[PDB]
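Here is the structure we will look at, set down as structure tokens.
Numbering (the entry's author numbering), first residue to last: 17 to 173.
See the structure below:
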């Protein structure tokens, strides 16, 4: 049958130990990062608290994973402050070579109970063609972010 509509989607739910409240906390102007010992340290402007206006925000997340420098190129498409929702748009052209549009939305809310929060991954992507698209790659992207963000929040106060 193939992707008859060519739009494909995949939805997965990852469980985290990180509090949804503690995740939601990143949308506030204090995630803990200070330019200290800097009376005028020139190295560019340190990436601080979001002042990009939330929607339309383009930020880059850079991390080292297995010795490789991994960077995520993203654009905020939509954010629910009350529902704790964040929609990521792919901007990287590399991923655009398999999907002519890829949108992934995550929502972190309490689900098992209390601090137990589940991250709902909602992925929607338009196949350029079937053999061209590889659903595998999105899941790997999701899992590697899930574990990082969870542990990064656990690693912090």
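C-beta: ideal position from N, C-alpha, C; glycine also.
Check each candidate in 72, 90, 68, 69 and name the one with the smallest Cα separation from residue 78.
-> What you label residue 78 is simply residue 62 of the chain shown in a count that begins at 1. The option with the nearest alpha carbon to residue 78 is 90.
Distance, Cα to Cα, residue 164 vs residue 44?
-> Mapped onto the chain shown, residue 164 falls at position 148. Mapped onto the chain shown, residue 44 falls at position 28. So the two alpha carbons sit approximately 20 Å from each other.
Between 30, 106, 134, which lies nearest to residue 72 when the distance is taken from Cα to Cα?
-> Looking up residue 72 in the chain shown gives position 56. Nearest of 30, 106, 134 to residue 72, Cα basis: 106.
Return the chain-ordered list of same chain residues with a C-beta closer than 6 Å to the C-beta of residue 120, the five sequence neighbours on each side being excluded.
-> By 1-based counting over the chain shown, the position of residue 120 is 104. Within the same chain, residue 120 has close Cβ partners 104, 139.
Shortest alpha-carbon distance to residue 144 belongs to which of 157, 110, 155, 166?
-> The residue you call residue 144 lines up with position 128 of the chain shown. Residue 144 has its Cα closest to that of 110, out of 157, 110, 155, 166.
Return the bridge partner residues of residue 119 from the DSSP annotation.
-> Here residue 119 refers to the residue found at position 103 when the chain shown is read from its first residue. Answer by DSSP bridge pairing, in chain order: 105, 140.
Which class does residue 166 belong to by DSSP, given the choice of helix, strand or coil?
-> Position 150 of the chain shown, counting from 1, holds the residue named residue 166. Three-state DSSP puts residue 166 in a helix.
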